[PDB]
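Below you'll find only one chain, the form deposited in one PDB entry, shown as structure tokens.
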């Protein structure tokens, strides 16, 4: 069965959805693909109802996907101690190590700190004058500062952990051996920061991770340190890219930006809609393997068959969202899965929402004249990574 198409279906263009995803949702919503690594074939799931089953059911296992022969989107076999590769109830125990810092209530308590950080960084951009690179002054330093303060990672390590993090998000830019090397380096660095808390615990998540290493009974050192790596990767890589992505959607059809200048209270709802609209995950997902037969819309997936979701395709499902292909800030309902679903639903969802809200609210309030000040055709979209975003975004005002 080398008659099954390669997935991804193409090198990506900006934030475009391959038009094949809409054809798949209409006519073949569950279809066999060959992923770029591991062996064999995977079902690609393109509709919302099927995505909620694959993401939401104990009969689908991520643990089972750690087999190096399992199809996957990324060069290195999955790390078995990785939070994504855990199944409940062990996954539930692992998430509770840190989950209290990420509840909507605790995240809301960060809004003051977070708005202060944004204000200061836009002051520096103003000091530099127009035009300036929004990536340099906002999209990079803002989420990096927030995740360093929440975990207790020194800000001086920015260049070191951003390099490791970009490598671990490789799709084609690096080989398995280059990434496996970075994984070991990152594991050894994070293990070292957590060890610093041996006779010196801190009031931060690394503090919590170091106590769990000392006192905790069901979780390995590996699982615990790896959680530190996942949070430090996700905690900046998502938001840094999503700020560039959402600003890109706002300035390339400037009525969108103008609608938020007019009404900055629209910003929370605009952030939800642009989370729906944006393929932050360039293609596919961490894989789920059926442990029993499971009925999806058009097929029964057999025990042992792997499945992969395209989150941004589920987020264009025309049986769930009216005019799904259109950016609409006035949707009454937006049941998107930009943050996933089921056990592995994004732990940082509330922190992402907060950072995007405060970054956009500030821009829309203080920079009514904001425009893209480099050509669209020349935009430096990140190539060869599992996520999408801009290396640079020169803006004027």
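Numbering follows the first chain given and starts at 1. Take the two forms, superpose them, and find the largest set of C-alpha atoms that agree within 1.5 Å; that set is the rigid core.
There is another form of this protein, the form deposited in another entry, and it is not shown here; the text below is about that form.
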Rigid-core-referenced C-alpha movement of 2 Å or more between the shown form and the other one, selected from 302, 173, 128, 113: 173
Post core alignment: residue 204 C-alpha displaced by 2 Å or more between the shown form and the other one: yes
Is_shifted residue 195 between the shown form and the other one (CA, 2 Å cut-off, rigid core): yes
After fitting the core, residue 279 CA displacement of 2 Å or more between the shown form and the other one: no
Cα-Cα trend for residue 308 and residue 167, given that in that other deposited form the distance shifts by 3 Å or more: farther
Cα separation of residue 198 and residue 348 in that other deposited form versus here, shift of 3 Å or more: closer
